[PDB]
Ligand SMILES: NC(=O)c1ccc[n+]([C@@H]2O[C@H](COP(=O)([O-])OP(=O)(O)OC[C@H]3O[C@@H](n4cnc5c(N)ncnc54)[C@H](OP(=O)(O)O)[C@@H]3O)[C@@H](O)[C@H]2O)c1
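Just one chain follows, in the form solved without this ligand, and it is written as structure tokens.
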């Protein structure tokens, strides 16, 4: 009933776009934030034409690069000067740390090998490239950008919007994570130890794991030190984001703050429900689709 305002980052396509669609249709006013201005503008255009001209006021595009303090800073001023309030933050902007060399479809063989780690719990530490048709590349620079967006970007956007969110009588923060965040994949036992702590976990300790991983990664010691052979930066940053979700969950008890692993409209249903979470929903939990 009460008019609400939401930001969804990385929302010009994919699941984010569907999150935006579903929030706007429930009467929420959505800020569609995207790394590129025109794609965000075009995404807004398609949503109102799909939803109806009566939603033109309920969807707004604003450019947002989460790795860029000035982009983040510009967005807070925009929400401040146009609306004055914020009730929902959905952190969906994210990077893989990976690309495919050669046949792009071999990626499904790499992803397949990872999900069989779920049904055996035996996390292999030696790299195994399923085909010579394609190769899953994980460069040093992509690992920095991946960590910088998935961890530091989300924290930067979250901390910048907390002051506005705290004037909500129901602030909701939703962090879009990934199944690869599961600790079954953390072959490095120290890092797994840090991430698993429920008491005495600090952001400084999280940042030490990220910095330590990036340094063994520079040094070419990914395998020496038992770091994941594939999706390595991706797994560590999204696992870090899960742990960070719990940290700020405990800091702000009046908020409901959660992470969720997510066609795209159905996968968007789980994060959208958490953005409209009743005041009694949990806080600090990792949901796979539906719990």
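Residue numbers count along the first chain shown, from 1.
Keep in mind the form deposited with this ligand bound is missing from the figure; the text below concerns it.
Enquirer: Taking this ligand in the deposited complex as the reference, which of 93, 75, 194, 123 has a non-hydrogen atom within 4.5 Å?
Expert: It is 93.
Enquirer: Going by heavy atoms within 4.5 Å, which of 246 to 254, 41 to 49, 218 to 226, 66 to 74 lines up against this ligand in the deposited complex?
Expert: Of the stretches listed, the one contacting the partner is 66 to 74.
Enquirer: Within 4.5 Å, heavy atoms only: does residue 275 come near this ligand in the deposited complex?
Expert: Answer no; every heavy atom of residue 275 is more than 4.5 Å from this ligand in the deposited complex.
Enquirer: Is residue 35 a contact residue for this ligand in the deposited complex, using a 4.5 Å heavy atom cut-off?
Expert: Contact with this ligand, yes.
Enquirer: Given that this ligand is not shown alongside this chain, does residue 268 nevertheless sit within 4.5 Å of it in the deposited complex, heavy atom to heavy atom?
Expert: Contact with this ligand, no.
Enquirer: Is residue 182 a contact residue for this ligand in the deposited complex, using a 4.5 Å heavy atom cut-off?
Expert: It does not: once this ligand is placed as it appears in the deposited complex, residue 182 has no heavy atom within 4.5 Å of it.
Enquirer: Sequence order please: the residues of 166 to 196 with a heavy atom within 4.5 Å of this ligand in the deposited complex.
Expert: If the 4.5 Å heavy-atom criterion is applied to this ligand in the deposited complex, 166 to 196 yields 176, 177, 178.
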